[PDB]
Structure formats: C-alpha cells, structure tokens
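Here the structure is laid out as structure tokens; the discussion comes afterwards.
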Amino acid sequence: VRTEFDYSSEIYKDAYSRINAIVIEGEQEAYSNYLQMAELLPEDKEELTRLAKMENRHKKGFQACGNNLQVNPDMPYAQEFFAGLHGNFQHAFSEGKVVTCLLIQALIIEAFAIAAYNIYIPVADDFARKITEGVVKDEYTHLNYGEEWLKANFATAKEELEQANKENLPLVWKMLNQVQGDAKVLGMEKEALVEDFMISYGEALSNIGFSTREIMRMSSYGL
C-alpha cells in the first residue's frame, strides 16, 4: 500500500537500479573524501577516519538494499551523476581548499543525503526501511565534524564559503531535476526532497554563522 508501483515490477526495479547506485556511489565518495580531508586536516585524522569508515558501512547497507530487491545497480550512471560535484571537490582538494571541500561534502551532500533518506523511509520496503533508518540514526548520533569545523573557523572561512556555495549549489538543483523521474517511481516527490534539503542546508548555514538574509540568498542560488 506504500507505492503506486509494486516493488517487484520492472518499472520499480529499473528506477531503483539508478537511485540505489546513486546512494552507493555517494557513500563510496564520502568514504574517499573524508580520508582525503584527513590529509588536509591531520590534527583531526582520527575523527575524519571514523566518519569515512562509517560511510563505508552505510554503503554496504545500501548495497544490501539493492540485493534484497533483486536489483543490479547502475554504477556508471551514478558516477556521471556525481561528476560535477566530485570534480569540484577534487579540484578544491588539490588546491588545499579545505573550506570548499567541507562545504561540498559536510554541508551540501550531507543535507542532500539526509533529505533523500528521510523521504525514502516512509515508502521503502520493510528491509530497506530498517537499513535506512539505521543510517539516519547514525548521522544523528555523530557530530557533523565539517559543520563544526566551519563554525569554529567561520570568520576566516566566510568569503570562501559564499564562493563555494555559488559554484556548487546550482549542481544540486541539476541533480534533483535529473533524478526526479526515477525518484517519483520510488514514491519520492521532488517538492519534499527540495524542502528537506533546504531546511537541512539552511539550518547548517545558520549554525555555522550565516544570517537569515544571507541564508535566503545562498540556499536559493541558481534555482
């Protein structure tokens, strides 16, 4: 009674193959990104490595979700889906731009992911619901290191954060538009995803030190 398309339908499994691949790839990239962040911030290596390892654990849970639905994920699709943000992350990393890397991974992707997971939970099959609930719980019981680091260093980071937001937030809108059709087959509405993302991202920007007016301008950039 949860979805208009049956979990066993080829329509559902086909859409799932791409959305599942996106979540798996996102988690794979989070693992690698956090390990690379530890190069830039060696003083916080233990915490960043712990986060990396947690995201690798999450990746394996989402792989189990695809297996349970008898779906082979389309990993090349997912790799293309993330190419823009992934490329921007790697370029910033190569220039030692920790602030930009953190905005992309710890703020933008983290908010996008939690949005996706929370909208998926109510429409997920019983097995995948439990896995996703566990992932969401983990994100809630662990400190968002990147957010806290940016908050501690806000005054010096502010200018770059504004610049990184302008360059990267429009890629989120692009991603959401790309994903909309498949997400709808899974019972996940674009409006709900956008809402969840803007609340999460906006709250993070507020915690870090941006004003209500600044967040308005920022969280709606390129939309």
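Numbering (PDB author numbering), first residue to last: 6 to 228.
Cβ atoms here follow ideal geometry from the backbone N, Cα and C, with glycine treated the same way.
Give the single residue among the options whose Cα lies nearest to the Cα of residue i.
i	options	result
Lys102	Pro78, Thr146 and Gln41	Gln41
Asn93	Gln33, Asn158, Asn38 and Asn212	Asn38
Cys70	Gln110, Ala88 and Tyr12	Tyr12
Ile27	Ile220, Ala197 and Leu181	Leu181
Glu219	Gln95, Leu166 and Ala83	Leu166
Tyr36	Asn61, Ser14 and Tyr21	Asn61
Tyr125	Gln110, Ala111, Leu112 and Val141	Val141
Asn72	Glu100, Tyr21 and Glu200	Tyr21
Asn123	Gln95, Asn158, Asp143 and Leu198	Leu198
Quick one: residues in its chain with C-beta nearer than 8 Å to the C-beta of residue i, no 5 flanking neighbours on either side, listed in chain order?
i	result
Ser224	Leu174, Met203, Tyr206, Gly207 and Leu210
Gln185	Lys195
Using a Cβ-Cβ cutoff of less than 6 Å, which residues in the same chain neighbour residue i once the five nearest sequence positions on both sides are dropped?
i	result
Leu155	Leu107, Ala162 and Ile213
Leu53	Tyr39, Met42 and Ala43
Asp130	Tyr12
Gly89	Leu176
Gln110	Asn38
If you draw a straight line from the C-alpha of residue i to the C-alpha of residue j, how long is it?
i	j	result
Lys65	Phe86	20 Å
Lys171	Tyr226	6 Å
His63	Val128	19 Å
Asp49	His147	15 Å
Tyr145	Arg55	15 Å
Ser14	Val6	14 Å
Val104	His91	15 Å
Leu45	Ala97	11 Å
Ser216	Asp143	28 Å
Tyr17	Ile24	11 Å
Terminal residues of the continuous alpha helix (DSSP H) containing residue i?
i	result
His63	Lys50 to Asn73
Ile126	From DSSP, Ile126 is part of no alpha helix (DSSP H); its letter is neither H nor E.
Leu155	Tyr150 to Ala157
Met42	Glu15 to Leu45
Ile114	Note, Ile114: premise wrong, no alpha helix (DSSP H); not H, not E.
Excluding the five sequence neighbours on either side, which residues of its own chain have a C-beta within less than 7 Å of the C-beta of residue i, listed in chain order?
i	result
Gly31	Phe87, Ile114 and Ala118
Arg134	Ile126
Quiz item: Would the region 142 to 152 and the region 176 to 188 be scored as touching if the rule is three or more Cβ pairs under 8 Å?
Solution: no
Self-check item: Touch test, the region 108 to 122 against the region 74 to 86, Cβ-Cβ under 8 Å, three pairs minimum
Solution: no
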